[PDB]
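Here's the letter readout for the chains.
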Amino acid sequence: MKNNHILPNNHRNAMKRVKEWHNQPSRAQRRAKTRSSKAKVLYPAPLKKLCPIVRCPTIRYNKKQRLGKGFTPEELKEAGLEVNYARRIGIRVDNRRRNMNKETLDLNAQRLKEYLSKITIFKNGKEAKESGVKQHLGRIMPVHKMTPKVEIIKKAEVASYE
Amino acid sequence: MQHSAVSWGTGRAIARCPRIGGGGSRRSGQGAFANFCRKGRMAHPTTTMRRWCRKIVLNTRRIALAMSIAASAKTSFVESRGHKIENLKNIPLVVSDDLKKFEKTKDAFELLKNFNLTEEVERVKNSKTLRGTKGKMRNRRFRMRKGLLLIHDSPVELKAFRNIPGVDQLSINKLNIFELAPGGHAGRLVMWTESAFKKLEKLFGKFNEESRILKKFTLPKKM
Amino acid sequence: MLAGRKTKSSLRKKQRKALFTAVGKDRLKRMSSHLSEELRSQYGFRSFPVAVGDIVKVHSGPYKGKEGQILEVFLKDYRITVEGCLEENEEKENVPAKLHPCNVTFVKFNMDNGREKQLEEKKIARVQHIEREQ
RNA sequence: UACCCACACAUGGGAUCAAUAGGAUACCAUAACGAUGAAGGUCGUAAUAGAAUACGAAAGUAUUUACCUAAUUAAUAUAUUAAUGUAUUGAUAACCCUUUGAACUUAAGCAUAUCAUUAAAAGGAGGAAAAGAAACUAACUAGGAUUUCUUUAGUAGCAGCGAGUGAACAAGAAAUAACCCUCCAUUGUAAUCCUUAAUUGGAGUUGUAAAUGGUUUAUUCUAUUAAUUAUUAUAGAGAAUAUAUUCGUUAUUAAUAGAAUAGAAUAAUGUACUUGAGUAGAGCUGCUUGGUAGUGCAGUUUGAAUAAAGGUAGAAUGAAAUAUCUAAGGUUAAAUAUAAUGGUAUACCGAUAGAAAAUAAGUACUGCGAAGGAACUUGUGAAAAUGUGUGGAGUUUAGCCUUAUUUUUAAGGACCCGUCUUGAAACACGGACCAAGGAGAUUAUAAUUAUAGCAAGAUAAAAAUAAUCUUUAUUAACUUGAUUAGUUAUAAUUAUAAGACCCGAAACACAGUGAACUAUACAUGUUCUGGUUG
RNA sequence: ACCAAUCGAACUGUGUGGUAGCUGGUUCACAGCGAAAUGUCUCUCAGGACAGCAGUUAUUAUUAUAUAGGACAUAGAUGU
RNA sequence: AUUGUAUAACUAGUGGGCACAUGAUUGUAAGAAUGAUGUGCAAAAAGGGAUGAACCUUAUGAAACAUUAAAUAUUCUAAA
RNA sequence: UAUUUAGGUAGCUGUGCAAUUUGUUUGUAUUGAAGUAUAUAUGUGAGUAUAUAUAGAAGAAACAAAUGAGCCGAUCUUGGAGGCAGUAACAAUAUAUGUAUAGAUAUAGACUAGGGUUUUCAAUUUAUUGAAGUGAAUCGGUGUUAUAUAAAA
RNA sequence: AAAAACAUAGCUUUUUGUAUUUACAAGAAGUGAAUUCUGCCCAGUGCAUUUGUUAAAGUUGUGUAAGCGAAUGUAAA
RNA sequence: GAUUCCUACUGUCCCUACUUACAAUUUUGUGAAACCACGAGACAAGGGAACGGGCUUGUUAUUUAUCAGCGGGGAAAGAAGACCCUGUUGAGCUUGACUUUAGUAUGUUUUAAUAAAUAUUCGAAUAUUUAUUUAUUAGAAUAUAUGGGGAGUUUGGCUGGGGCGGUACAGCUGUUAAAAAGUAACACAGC
Ligand SMILES: [Mg+2]
Ligand SMILES: [Mg+2]
Ligand SMILES: [Mg+2]
Ligand SMILES: [Mg+2]
Ligand SMILES: [Mg+2]
Ligand SMILES: [Mg+2]
Ligand SMILES: [Mg+2]
Ligand SMILES: [Mg+2]
Ligand SMILES: [Mg+2]
Ligand SMILES: [Mg+2]
Ligand SMILES: [Mg+2]
Ligand SMILES: [Mg+2]
Ligand SMILES: [Mg+2]
Ligand SMILES: [Mg+2]
Ligand SMILES: [Mg+2]
Ligand SMILES: [Mg+2]
Ligand SMILES: [Mg+2]
Ligand SMILES: [Mg+2]
Ligand SMILES: [Mg+2]
Ligand SMILES: [Mg+2]
Ligand SMILES: [Mg+2]
Ligand SMILES: [Mg+2]
Ligand SMILES: [Mg+2]
Ligand SMILES: [Mg+2]
Ligand SMILES: [Mg+2]
Ligand SMILES: [Mg+2]
Ligand SMILES: [Mg+2]
Ligand SMILES: [Mg+2]
Ligand SMILES: [Mg+2]
Ligand SMILES: [Mg+2]
Ligand SMILES: [Mg+2]
Ligand SMILES: [Mg+2]
Ligand SMILES: [Mg+2]
Ligand SMILES: [Mg+2]
Ligand SMILES: [Mg+2]
Ligand SMILES: [Mg+2]
Ligand SMILES: [Mg+2]
Ligand SMILES: [Mg+2]
Ligand SMILES: [Mg+2]
Ligand SMILES: [Mg+2]
Ligand SMILES: [Mg+2]
Ligand SMILES: [Mg+2]
Ligand SMILES: [Mg+2]
Ligand SMILES: [Mg+2]
Ligand SMILES: [Mg+2]
Ligand SMILES: [Mg+2]
Ligand SMILES: [Mg+2]
Ligand SMILES: [Mg+2]
Ligand SMILES: [Mg+2]
Ligand SMILES: [Mg+2]
Ligand SMILES: [Mg+2]
Ligand SMILES: [Mg+2]
Ligand SMILES: [Mg+2]
Ligand SMILES: [Mg+2]
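The rules behind these values
Residues numbered from 1 in each chain as written, not as in the entry; some residues may be left out. Chains lettered and ligands numbered in written order. Part of a larger assembly, values for the part shown. Heavy atoms only, no water. Helix = DSSP H or I, 4+ residues; strand = E, 2+ residues; numbered from the N terminus. Rg over C-alpha atoms; globule rule 2.2 N^0.38 Å. Buried < 20%, exposed > 50% of the residue type's maximum accessible area, 1.4 Å probe, protein only. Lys, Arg positive; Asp, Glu negative; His and termini not counted. Charge placed at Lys NZ, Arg CZ, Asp CG, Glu CD. Contact = heavy atoms within 4.5 Å. Areas by Shrake-Rupley, 256 points an atom, 1.4 Å probe, with all protein chains shown as cover. Patch = residues over 30% accessible without salt bridge, like charges linked within 9 Å, V, L, I, M, F, W, Y side chains within 5 Å. Salt bridge = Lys/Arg side-chain N within 4 Å of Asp/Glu carboxyl O. Pairing = 2+ DSSP bridges. Core = buried A, V, L, I, M, F, W, Y, C linked by side-chain atoms within 4.5 Å. Polar contact = N/O pair within 3.5 Å; in protein donor to acceptor, adjacent residues only side chain to side chain. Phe/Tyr/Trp six-rings, centres within 6.5 Å; stacked < 30°, edge-to-face > 60°. Disulfide = S-S within 2.5 Å.

The record names cryo-EM as the way this model was obtained, at a resolution of 3.4 Å.

Structure follows, in structure tokens:
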């Protein structure tokens, strides 16, 4: 130490216990392989399931919407499904969550009608394998990132704006 | 470092380096545990902690693709590489799309014979020789020249062109640099199909427009 | 890579270990020979392993052109001895020559130990392969 | 004759160059032991047998399996009537869960601290194990079981406040799944359970309750065996022979075993209001954590309430409001970690290298014992050290530099190199001679210089087909507040930590072996012959 | 004194490539430039850090209307 | 007298010194110990003091020709 | 266009030669590649190029890349071979015809502990190979115990 | 390093009456055969015997320990 | 065992001489080691790291290339000096060195039920003591004292070598000190 440096802080056992990432491209080949092999087992059904829309907790991320975990049974009561029937279709159900507002309940209730208007139901699996219908693979109806919009207002109303 | 040696010390008219203990053979009494000793480990042993890969900026990797493509249309850049293009018709050249219906090797070989494209197949074939170094014993026995490249649109490679020596194929989507400029020089003789050549105008745009397929890319200006 | 492993590999030392340490039916098929043209019209395959006593003819090498009968077969060396050929020794030239069976084509067979049963089994299995393709 | 030099030819030795049925590293699959006798050992069997290698009196090419060995006519326990049946015991050297637990070292000394919730040692299971359905996080317009990756972050904090050590929420992803006992289960009836060929013999009211069919057809995937492949080419990967041929590659089928999905047919459907005590918490005492006056655990004394009740909300106690949850009984797939064993590849080494071993290598050989542990491939034939033949000088002077056709002599110059040192030819240390080997390379974090892309913005984070920096704007806080072109990479140098340019102590701790030499106690055996005195 | 040729704490394996302000060694050519053995602090005196002496690269001209280990003219300080 | 001057950034070695001339302190004295000013050896070639780290002439690539300094001219040994 | 500058230990910077492997381009070889030994030319120097003999199968150059990247020394590691030197230090009974006549030194023989084929014979020169050889009711062990594993007296 | 060192009988002091063993016994120390002697000192340090200072836990609250200090003996300590 | 004197006795001595055996000297056979910068001839004086084989001025040997002796020199060979000093390097041992601990002594709380007596505080609370059988494995958790029987570690610097003595180890004045500023000594006279 014979010049102008910052105070170094390097721990003694930093290089003695090391984990190396040599298997990174070989791991990503396997995960796409079992994902594609699982798709043929349930052929007409989609790969993923439905998720609700929630808000983020703190004030740093207060203006962001995000895919949550599961649907409360009261939002299913608005759409008209029962929880033993809705689990057999690709719908996730959460029971720990509590209802808070009206705006977050009318949003999720409208979203369940859009999913019901698209799915069909056959008799048995022999009938379903014979029909050739394109199988969806990504997320199911995700959120999309917003674009900000600036409103133009007249000159008179700025003295009485809110 | 397998043994259990220890230094004997001074007072014996002998060096300080660690000696193999025990007895009963020619081995006992010899040195160990040093880089200057026979059957001893080397100082600074190599390890797998060493960095094996480098990191390059994304916008620079797309520039080197855009430059080496333009060199394949230049005349003297191809001739300095070593290809024989004296009798070829016009460069760049683009054949019709109906090419991937060929199911035999005999049919695809006539297509090169229809143009004046045979001496590249022969000059690859006569140039095979041994390697000068110790790499003969390590799966690097023969080395030969490089021939024509063919860019197509199919996501699976064509089995008709696989056997001919000195012909490589590459899809339009991936576009490696290990083929378009081998050995750090540009000017490889390329042949384009129809649909792949028509996909270039979306892939790079003009000097003012942005690319929509490649996000945040624009061709550089002239200094 | 123990012995007779029969691998798909491109290394020099891995392929050569399968040539020395092969056993069983794999050692037989290394010593095969090419068919004549008129024999090819009768059966239809390309090659077949070699037994003792059938008349062969050399088609390449310093002994080109001579025709003889097979006297011995050496499985441990991949060599055979053909009649009419002489090799120099330190006393005489009466030593018969040792050749590799990839340089010879045989002209007439020798039917011993169920040889006709084996040849007719291959000719049946060949034409069924052609019917799968069309 | 000996001593010295020059040339030519022969001995001695295994360096250089070229090859290779050997090794090293990374990735993928598997993850199969044992009382129905394992792993390991001793002795035997070949027509002429020693080493190596394979095999058990059926013995050197689908059954048998000599003798020890957990080694078992047993031991610790349960069931039926001293006998019989059932379960456990041994091997491991990587990953997993508990118990016990150091010192060398750093602080330029050392005693709290660090190395360290480490090494050694003991117990217990599986192909994975452990964990897992809030007596949670927060203060928002609120989120939602467990596990793993990026980031927050070398931050809040802890500490002779010294050296040093060190977390979580929120945010972006991989993968997703929830359930069962504990009351008073229709008392118009134990409706249950083990065993027997048999309501045969029991268990059970101090409370047991357990629906059943494997037939057939089709499809997909994995593993092992067997078969056919042009000489134009769905075959230019590679080997072998000689100076134009084969095995394969490529591309197709068959057989056996295992797994999953679907159809048809055969079997089968009653009633169910349970919530966890010598626990949770107090006083004294010891360990652990970043947790600061419990973050978590344990010994001793004491020991409650039952939803009109109880717990928690990052300084202490007492009190109050507002939020948000309900402990002390049980099961659970996927995403994740790594050996023995078998495969595939490579900017790795090429016989003083690579594993100790190109394998008659854990072999020969050493030690009372725990234990220690080498040399040797095939062609070419360097130097050190010698032999024979021919030629030449002198007896007073090795080798080197300069100038000269008196160059096997003459005149001048000239102490033996490396190294500490004010100062070395030194009576200062190392070096008799040749060959081969042999010491500032790698990684993390900062800074300056050169170069490249974009620029008020910059980016290959994990993953799939966000964050950080410019700029935490100052202050301990309140009160207050515009401004120095950056960020991402490639290369060289310097600083700190890693074995850290290479070789070198006297010592300390953990786990084990010796009274054949010699010392002491106990048991059992053996211990030659002649005189003196009194 | 003795405890297997070892005894004022035996022998074998591991932590271990234990720490050393202390001895020893450190491998190719030419060209440009070129030192210190002094001051202060230190459980400091066989060792460290700051200052001094050195090297490399860079930008800029009235900071030549300027500088100097010099001299001359003028005004002064001192107690050998 | 000087064609430049001035300003920044990064980084190494060294901190055991000795001798001559002038002048001092302690000591009977010392090739003894410790300070002050200048120049050297360390790190500096050739020629002369017979020989010598510091004495006397004297600035630096490879050579040839003429002139001197320090010192010398019986002989070794160039020069009455 | 140096008519001006050029020594140098510790130390700092620039231009260049040698070795192994990787991508691209150009070329050599059975009328003879790599290695080794003697000469000649060339470079201020690290070095390079050619010629003759020997041997028998693969090696060179240019533009870029990766380092286990250049020895006289460490009482350095492993192998081979000198001087001193044929020097120190040790061994050395008589017979003209003999499986004998003499001389000389040393007490000898059985059980146990330890050794394990050294025993005996044949053939070839304290060696090498090949055969043969160990016979128990009465000679040892196997039995009893030394106040919770003990006797070849 | 074989002695002038160690041992020895002889002399003396001390602890134990709940010993698998029982005071002519079982543990701990110093001098060194026999003969003749073994003087004075308890202030210091130790050892023994006997009636000002001092912790925690418990109770509505309060109180109580050994040890140290003081007195008396003891030098073949 | 350590020390002195008489008698006898003698190569211990005056002062050495002669004989024999075994090694040695001569021949054949088996056939090593320490040591080695270079050693090619040796001296007198000089200077020099203050005792040269080599450097500078002087004086000098030589049997055809030997054999057997001898111990002046090569500051001869063996062993990284045991004596002395330094190191912020160790170990055995002692104690009124620093910090602690096994063992042991004494309190408090836990301890079978029952009845009675006595004492101390205010009908009640404490304490002491006796008797019976219905318990009786014999211990556990904390506090104070004793504790080289044990366990870790330390035990400054300057200095005409270290130790003993002094502090020239922090402040102030005059002289050393040489007419600007700056300057040493276990030098001077003092605070
Ligand atoms: Mg090695
Ligand atoms: Mg080579
Ligand atoms: Mg360490
Ligand atoms: Mg320390
Ligand atoms: Mg230290
Ligand atoms: Mg220490
Ligand atoms: Mg700890
Ligand atoms: Mg799992
Ligand atoms: Mg589990
Ligand atoms: Mg920690
Ligand atoms: Mg029930
Ligand atoms: Mg074929
Ligand atoms: Mg509850
Ligand atoms: Mg080699
Ligand atoms: Mg080896
Ligand atoms: Mg001279
Ligand atoms: Mg000295
Ligand atoms: Mg001297
Ligand atoms: Mg000496
Ligand atoms: Mg020496
Ligand atoms: Mg070398
Ligand atoms: Mg060491
Ligand atoms: Mg121990
Ligand atoms: Mg001994
Ligand atoms: Mg200079
Ligand atoms: Mg030194
Ligand atoms: Mg400095
Ligand atoms: Mg004046
Ligand atoms: Mg120096
Ligand atoms: Mg001179
Ligand atoms: Mg003189
Ligand atoms: Mg003259
Ligand atoms: Mg120079
Ligand atoms: Mg190296
Ligand atoms: Mg060498
Ligand atoms: Mg050197
Ligand atoms: Mg040697
Ligand atoms: Mg003799
Ligand atoms: Mg024999
Ligand atoms: Mg005696
Ligand atoms: Mg003696
Ligand atoms: Mg005595
Ligand atoms: Mg007496
Ligand atoms: Mg007293
Ligand atoms: Mg008295
Ligand atoms: Mg004699
Ligand atoms: Mg002399
Ligand atoms: Mg003198
Ligand atoms: Mg002599
Ligand atoms: Mg020494
Ligand atoms: Mg010191
Ligand atoms: Mg100590
Ligand atoms: Mg002690
Ligand atoms: Mg001192």
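J.: Can you explain the overall build of chain A? Please cite residues and give values.
T.: The helix and strand tally for chain A stands at five helices and two strands. Reading the helices (α) and strands (β) of chain A from amino to carboxyl end gives α-β-β-α-α-α-α. Taken over the C-alpha trace, chain A has a radius of gyration of 25 Å; the compact-globule value for 162 residues is 15 Å, which it surpasses by more than 25%. Along the first, second and third principal axes, the C-alpha set of chain A runs to 80 × 65 × 35 Å. When each of the 162 residues of chain A is scored for burial, the buried share is 16%. The averaged location of the 14 negative side-chain charges in chain A is 15 Å from the averaged location of its 40 positive side-chain charges.

J.: Tell me what's going on with the overall build of chain C, and back it up with residues and numbers.
T.: A tally of helices and strands in chain C yields four helices and six strands. Beginning at the N terminus, the succession of helices and strands in chain C can be written as α-α-β-α-β-β-β-β-β-α. In chain C, which comprises 134 residues, the proportion classed as buried is 25%. Expressed as a percentage of contacts within chain C between residues at least 6 apart in sequence, the contacts between residues at least 24 apart total 42%. Accessible surface, chain C: about 9,800 Å² in total, of which carbon and sulfur atoms supply 51%. One finds the centroid of the 28 positive side-chain charges in chain C at a distance of 12 Å from the centroid of its 19 negative side-chain charges.

J.: Tell me about a nonpolar patch on the surface, and please be specific about residues and values.
T.: The grouping of A:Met15, A:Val18 and B:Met49 at the surface amounts to a nonpolar patch, some 300 Å² of accessible area in total. According to the relative accessible area criterion, A:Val18 is partly exposed, its value standing at 43%.

J.: Break down the environment of C:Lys76 for me, with residues and values.
T.: Relative to the assigned elements, C:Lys76 resides in the loop between β4 (67-74) and β5 (79-82). C-alpha of C:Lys76 to C-alpha of C:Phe20: the two residues are 56 residues apart in sequence and 9.0 Å apart in space.

J.: How would you sum up the sheet that holds strand β6 (residues 190-192) of chain B? Please name residues and give values.
T.: Sheet architecture is open: four strands sit in the order β1-β6-β4-β5 (chain B), paired in parallel fashion. Either end of the sheet is taken by a strand with one partner, and the two such strands are β1 (93-94) and β5 (167-171) of chain B.

J.: Before we move on, could you go through helix α1 (residues 58-71) of chain B and cite the residues and values that matter?
T.: Looking at α1(B), one finds that the buried residues are B:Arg62, B:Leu65, B:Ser68, B:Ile69 and B:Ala71. Close packing links the buried residues of α1(B) with α2 (75-79) and α5 (177-180) of chain B.

J.: Any details on the nonpolar core? Residues and values, ideally.
T.: Counting 19 residues, the largest nonpolar core has B:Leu99, B:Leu117, B:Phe161 and B:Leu189 as its most contacted members. Of all elements in the fold, only α3 (105-114) and β4 (148-152) of chain B reach the threshold of two or more residues within this core. Here this core takes three residues from α3(B), the largest share from any one element. In this structure, B:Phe161 is in contact with B:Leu99, B:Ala108, B:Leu150, B:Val167 and B:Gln169, ignoring residues within four places of it in sequence. Ranked by size, the runner-up nonpolar core spans 18 residues in total, among them C:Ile80, C:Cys85, C:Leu99 and C:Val104.

J.: Break down the side chain of B:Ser68 for me, citing the residues and quoting the values.
T.: All names here are of chain B. Relative to the helices and strands, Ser68 resides in helix α1. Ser68 gets classed as buried once you look at its relative accessible area, which sits at 7%. A distance of 3.1 Å separates a polar atom in the side chain of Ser68 from the backbone oxygen of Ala64.

J.: Tell me about the pairing of strand β3 (residues 55-58) of chain C, residues and numbers included.
T.: Residue and element names in this part refer to chain C. The alternating pattern of β3 places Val56 and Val58 on a buried face and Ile55 and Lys57 on a face that is not buried. Sheet topology note: the β3/β4 ladder contains three bridges and is antiparallel. Looking at the pairing, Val56 lines up with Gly68 of β4.

J.: Report on the arrangement of the chains, specifying residues and quantitative values.
T.: Contacts are most numerous, across the two pairs of chains in contact, for chains A and B. Across all C-alpha pairs, the smallest distance from chain A to chain C is 21 Å, and the two are not in contact.

J.: Tell me what's going on with the packing of aromatic side chains, and back it up with residues and numbers.
T.: For any pair of aromatic rings, the description consists of the separation of the ring centres together with the inter-plane angle of the planes. Scanning all chains against the criterion turns up six aromatic pairs over all chains. Seen in terms of ring centroids, B:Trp192 and B:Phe197 are 6.0 Å apart; in terms of plane orientation they differ by 70°. Their pairing is edge-to-face. Overall, the relative accessible area of 4% leaves B:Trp192 in the buried class. The exposure class assigned to B:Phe197 is partly exposed, which follows from its relative accessible area of 37%. Centroid distance C:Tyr43 to C:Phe109: 5.8 Å. Interplanar angle 80°. Geometry classified as edge-to-face.

J.: I'd like to hear about the pattern of salt bridges, residue by residue, with values.
T.: Side chains that carry opposite charge are capable of pairing whenever their charged atoms lie near each other. Going through the model one piece at a time under the given rule, you end up with nine salt bridges over all chains. In this structure, C:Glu91 engages C:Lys92 in a salt bridge whose closest nitrogen and oxygen atoms are separated by 3.3 Å.

J.: Describe the state of the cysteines, listing the residues and the values that go with them.
T.: Within this structure, the stated rule accounts for zero disulfides over all chains. Left without a disulfide partner, A:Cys56 is nearest to the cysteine sulfur of A:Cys51, which lies 15 Å away.

J.: How would you summarise a positive patch on the surface if you had to cite specific residues and measurements?
T.: Residues and elements named next belong to chain A. Taken together, the side chains of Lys19, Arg27, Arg30, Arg31, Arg35, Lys48 and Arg139 present a region of like positive charge at the surface. Topologically, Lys19 is positioned in the segment before α1 (24-37). The exposure class of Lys19 is exposed, given its relative accessible area of 71%.

J.: I'd like to hear about a negative patch on the surface, residue by residue, with values.
T.: On the surface, a cluster of negative charge is contributed by C:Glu87, C:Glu88, C:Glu90 and C:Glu93. Within the element layout of this structure, C:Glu88 appears in the loop between β5 and β6 (104-108).

J.: So what about the side chain of A:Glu75? Which residues, and what values?
T.: Residues and elements named next belong to chain A. Position of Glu75 relative to the elements: it lies in helix α2 (residues 73-79). Given a relative accessible area of 3%, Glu75 falls into the buried group. Side-chain polar atoms of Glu75 contact the side chain of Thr72, separated by 2.6 Å. Looking at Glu75, its side chain comes within polar contact range of the side chain of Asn108, at 3.4 Å. In this structure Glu75 touches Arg97, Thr104, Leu105, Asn108 and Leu112, once residues within four positions along its chain are discounted.

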